[PDB]
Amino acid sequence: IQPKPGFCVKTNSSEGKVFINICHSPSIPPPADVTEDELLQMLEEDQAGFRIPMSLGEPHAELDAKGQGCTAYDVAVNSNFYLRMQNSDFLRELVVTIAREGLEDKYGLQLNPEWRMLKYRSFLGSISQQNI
């Protein structure tokens, strides 16, 4: 399953720049299904839980604008679910948070909780690969 690009989130981490590429693949499948009502409320409980399946790709190194090196992670969700997300700030903020949170655990350790989302760039890497 080769992920198709979505958006890109710049953040930092004590040792320097970290970019998370949020992609999507039709084959994941979603946490089907729920609307804004239920899940704005079930974060307060439900878990664990918890749904939102996402693949968290290995790190890969890439160059930034100034030519200094930095780290990039690719996170994939369901395409159908991704489209839900894209016209909803809250859900977007959620996915980013789960993405940073689940990454911190898998790879260790610190990540900036606070972030920025790029505007004109959908992905930093290539992008790879993954786990067909």
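Residue positions are given as counts along the sequence shown, with the first one as 1.
When the C-alpha B-factors of 39-47 and 58-66 are averaged, 39-47 comes out higher. The mean Cα B-factor in the deposited entry runs higher for 29-37 than for the other of 29-37 and 80-88. Annotation for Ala99: C-alpha temperature factor in the middle third relative to the rest of the modelled chain, per the entry. In the deposited entry, the Cα temperature factor of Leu111 places it in the highest third of its chain's modelled residues.
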